[PDB]
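Here is the structure we will look at.
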Amino acid sequence: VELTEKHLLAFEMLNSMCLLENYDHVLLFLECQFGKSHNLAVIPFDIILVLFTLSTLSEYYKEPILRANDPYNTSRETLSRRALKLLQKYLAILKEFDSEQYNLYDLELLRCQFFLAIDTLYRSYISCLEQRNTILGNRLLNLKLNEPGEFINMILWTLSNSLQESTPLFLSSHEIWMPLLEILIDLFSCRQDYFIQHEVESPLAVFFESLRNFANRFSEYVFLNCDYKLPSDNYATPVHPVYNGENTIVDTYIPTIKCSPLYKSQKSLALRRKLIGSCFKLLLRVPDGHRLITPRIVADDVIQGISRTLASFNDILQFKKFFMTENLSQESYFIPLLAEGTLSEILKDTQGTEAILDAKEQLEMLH
Amino acid sequence: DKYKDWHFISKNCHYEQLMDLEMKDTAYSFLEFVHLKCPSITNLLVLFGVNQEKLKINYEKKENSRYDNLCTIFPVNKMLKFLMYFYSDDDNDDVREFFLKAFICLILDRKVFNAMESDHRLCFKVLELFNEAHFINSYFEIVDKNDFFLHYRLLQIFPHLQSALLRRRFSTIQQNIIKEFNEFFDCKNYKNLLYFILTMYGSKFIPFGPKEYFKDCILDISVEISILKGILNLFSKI
């Protein structure tokens, strides 16, 4: 979908503002026109990438860079906190394609701009990614994830710090990757939807799920720091941070939130349940015929592997927070299948105090 | 200046007591009945370390420019889920006004503002209870002059009530806007002038584009002024 002369000037001005490392105005341009009339100033993909990379340099480990970029800080905020807000705002816009909103063309021009960005994970202007591969120290998101075996360390490195009882580790997965990983998964889960109805192997299948050898390794990778039985001593190698200094706290920054362990478990299990649902997105698409060839997924006994790690747990708090979901409708079609799976495994292996929750969920789903 | 914001929450939040209250709620929400710990909304607030038995910014007392004090805060979603139990839709007005004022004061301070979820659900759900004209008529109790540093913030949280927020402040209405541009440039109140610019620009009164005769003035007034020129150039090139 090509742009018009109205959007070409916007794209060129944005890229020229980014060329001068004036990211404050790049954010203000998009922010100062959100809740106005129906125009929908859409971000170009060469700027969506800069936003994805700006969202990574959080204030917890990079205070001097942020404080030296824009001294005044008129918004009393940071670039990472703002960039994430804009990403979330435009993503929630993208998930609502209505004609009673901004436009039926700008929406389609955004849908193309967000899909031209996740594909890397317009010959009318010189985008500022030709001559720039570093945003204030952080390299990029499409260059740091297209490295050998780096998209999988980015997932296995945030799934183990989501329950951490340490300050820099938990912070990193709370302020950078937990938020960012829910965005990405939210984009692949609609790009895949704009691949099945426009096809006559999917974006979800290749380069996302095939990082990925067996069906049990997936179940051992989803829960990476839970209190399960741990039957495989050969666990994941000690994961290294994506960016240098991510696992370090700066002396000047002082955190102020007191996150109870229940809160950390809730957020962690929410992210893990989201990942499991994204996995089930395409495994329920394979018909009763042959199985897929690319991911080598069975789609019938991978439920057994996950429902085995749930029954063979050791904490009752974490076992509730998995099934005690807030969206009893957004995540259907695989929680009741993981309820009958866990219930039909403690009864067969014990002929405790967990089979009550599964019955409660099975009854709750009776509408 | 540094960290000179409103700072409603003065002391530390009663962690252990809050944690206790945090339990018995997950299964409760999945399947208030428990109100014996804190009976009233004042008790719920003081449990957050909100205030030493206080709801209005006393600017004569310099309440709008406080200090850091390095105080801890409970997760904001938990705060707004606990506060929304003492709602009492079908109740008197003298208690609902206190509820609304407590919500507004504990949405404008830096602690709750710089420690918020990327996706806002509770903030928009709480505001949707009251009336927009009532939320802005029983406005955030800041004086009309310094209404703009905190009005920029209120519009950063809720951006849809900007046209519905300059009416109550200015009451076409552009004559008042242009007159209030003066007495800010007549004085040296540039900061409040900057936030006045950031608050009014983009509305039905001061739209974007090359076309307002502020640029000329600034060009004539010439370190906090530069930012005004840059923002004005940016808004003209839209």
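Read the figures in this text as sums done on the coordinates, not as results from a lab. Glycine gets a Cβ as well: all are built from the backbone with ideal geometry, and neighbour counts include every protein chain shown.
For the reader, a short list of remarks on this structure follows.
- Here is the P(r) of segment B:1-130: all C-alpha pair distances, binned every 10 Å from 0, give 11, 43, 37, 9, 1 in whole percents.
- Links that overshoot a 20 Å alpha carbon limit, given the list A:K95/B:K204; B:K4/B:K204; B:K211/B:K237: A:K95/B:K204; B:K4/B:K204
- Among the listed pairs B:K62/B:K125; B:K78/B:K101; B:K37/B:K101; B:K61/B:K145, a Cα-Cα separation exceeding 27 Å is found for B:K62/B:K125.
- With q set to 0.09, 0.12, 0.17 Å⁻¹, the log10 of I(q)/I(0) for segment A:1-138, from the Debye formula over equal scatterers at the Cα positions, is -0.26, -0.47, -0.96.
- Distance between segment A:140-180 and segment A:209-253 - C-alpha centres, whole angstrom: 9 Å
- Taking every Cα-Cα distance in chain A and sorting them into 10 Å bins from zero, the calculated P(r) comes out as 4, 21, 30, 26, 14, 4, 0, 0 percent.
- In Å, descending, principal axis extents of the Cα set of segment A:139-298: 57, 38, 28
- For segment A:45-97, the alpha carbon convex hull comes to 86 Å³ per residue, rounded to a whole number.
- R0 of 60 Å, Cβ-Cβ distance A:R76-A:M365: FRET efficiency to nearest 0.05: 0.85
- Here's how it looks for B:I73: its modeled amide H is under 5 Å from those of A:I257, A:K258, which are all 5 or more places away or on a different chain.
- Likely footprinting exposure, A:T342, A:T74, A:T294, fewest C-beta neighbours within 10 Å first: A:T294, A:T74, A:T342
- Within chain B, the proportion of C-alpha pairs whose separation exceeds 22 Å stands at 59%.
- For A:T120, no residue 5 or more places off, or on another chain, has a built amide H under 5 Å of its own.
- Taking A:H38, B:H160, A:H174 and counting other C-beta atoms within 10 Å, the order from fewest to most: A:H38, B:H160, A:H174
- Taken over segment A:172-237, the alpha-carbon convex hull comes to 122 cubic angstrom per residue.
- Cα→Cβ-extended label distance, 7 Å offset, between A:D119 and A:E12, nm: 2.4 nm
- Simple Cβ-charge dipole of segment B:75-115, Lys/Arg +1 and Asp/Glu -1, about Cα centre, in debye nearest 20: 480 debye
- 3J(HN,Hα) along segment B:125-140: 6, 6, 4, 5, 6, 6, 8, 4, 5, 7, 4, 9, 7, 6, 5, 4 Hz, from the Karplus curve 6.51 cos²θ - 1.76 cosθ + 1.60 with θ = phi - 60°, whole Hz, x for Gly and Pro.
- Radius ratio Rg over Rh of segment A:267-316, counting only Cα atoms, Kirkwood formula for Rh: 1.04
- Karplus-derived 3J(HN,Hα) values for segment A:333-345, using 6.51 cos²θ - 1.76 cosθ + 1.60 with θ = phi - 60°, are 6, 9, 6, x, 6, 8, 8, 5, x, 6, 5, 7, 10 Hz; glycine and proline are entered as x.
- With q set to 0.16, 0.19 Å⁻¹, the log10 of I(q)/I(0) for segment B:57-109, from the Debye formula over equal scatterers at the Cα positions, is -0.65, -0.83.
- Per-residue Cβ neighbour counts within 10 Å put A:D186, B:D144 in the sequence B:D144, A:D186, beginning with the fewest.
- Since only A:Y125, B:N192, A:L283 are under comparison, the one whose Cα sits farthest along the positive direction of the charge dipole of the protein assembly as shown, derived from C-beta charges on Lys, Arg, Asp and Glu, is B:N192.
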